[PDB]
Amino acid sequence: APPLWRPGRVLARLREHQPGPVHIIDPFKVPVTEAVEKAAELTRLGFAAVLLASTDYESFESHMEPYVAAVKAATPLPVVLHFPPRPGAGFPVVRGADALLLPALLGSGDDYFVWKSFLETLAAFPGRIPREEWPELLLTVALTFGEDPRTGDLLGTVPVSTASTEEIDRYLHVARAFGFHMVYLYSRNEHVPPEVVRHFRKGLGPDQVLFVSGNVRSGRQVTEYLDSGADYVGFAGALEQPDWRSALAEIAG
């Protein structure tokens, strides 16, 4: 019986693994051959997982089933999907993925993105994927920082205000009381402030995983976030160029 929304192997690994950077591969932009090359290096660096994520997607199932299979044949790290949900479908899913990160956008003015996407997703389970083969679900509070009209237009999010800690303190009460597995602090166009990362680490339970991403391009940035309490520092764009091997070594340093 699939753990589904209950803690399983992937969450256990994220809870126990040494904190560090995590490369995020956008499967709708990165050719699969390049993802496979990258996955082999991520393995050598001992990263906790390979995340495949993108704001945009189409023909999810026919594209992702073989992409996930190719990445999984290239690394023993778990492959975790992270994409926004769509009303009428819920979150996208394909067989073979180890886990799907389910973001509850608590800062959204649209209740579907705050959490009803989770009900639609679970109602649709198991669909065309054998139950035994379904991915695990990582229940995550997802928060956005800085001006970001793209996520705002698409998902209804409003940038979190840190002029006081009232707004984030409410999200931390939800994260704790609702037993979320992870919190994901994201900034599409700016940087999540290290002080907000510290505030979250201090307010979360010891087993709640803290992920931060957005415009991380240097090892100094990774270090600052980990020093602030992030368990994982995600980065995508820094490697979306020909000289990615150099960029990866500087970020993983």
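Start at 1 and count along the sequence shown; that's the residue number.
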Point to revise | Comparing 207 to 215 with 37 to 45, the one whose average Cα B-factor in the PDB entry is higher | key: 37 to 45
Exercise for review: Using only the Cα atoms and their B-factors as the entry lists them, report which of 121 to 129 and 106 to 114 averages higher.
Suggested key: 121 to 129
Exercise for review: Place residue 72 in the lowest, middle or highest third of its chain's C-alpha B-factors, as listed in the PDB entry.
Suggested key: highest
Revision key, fill the gap. For residue 84, the third of its chain by CA B-factor is the lowest
Check your understanding: Taking the entry's C-alpha B-factors for this chain, is residue 55 in the lowest, middle or highest third?
Key -> middle
Check your understanding: Once the chain's modelled residues are ordered by C-alpha B factor and cut into thirds, is residue 179 in the lowest, middle or highest one?
Key -> lowest
Point to revise | Third assignment of residue 242 from its chain's C-alpha B-factors | key: highest
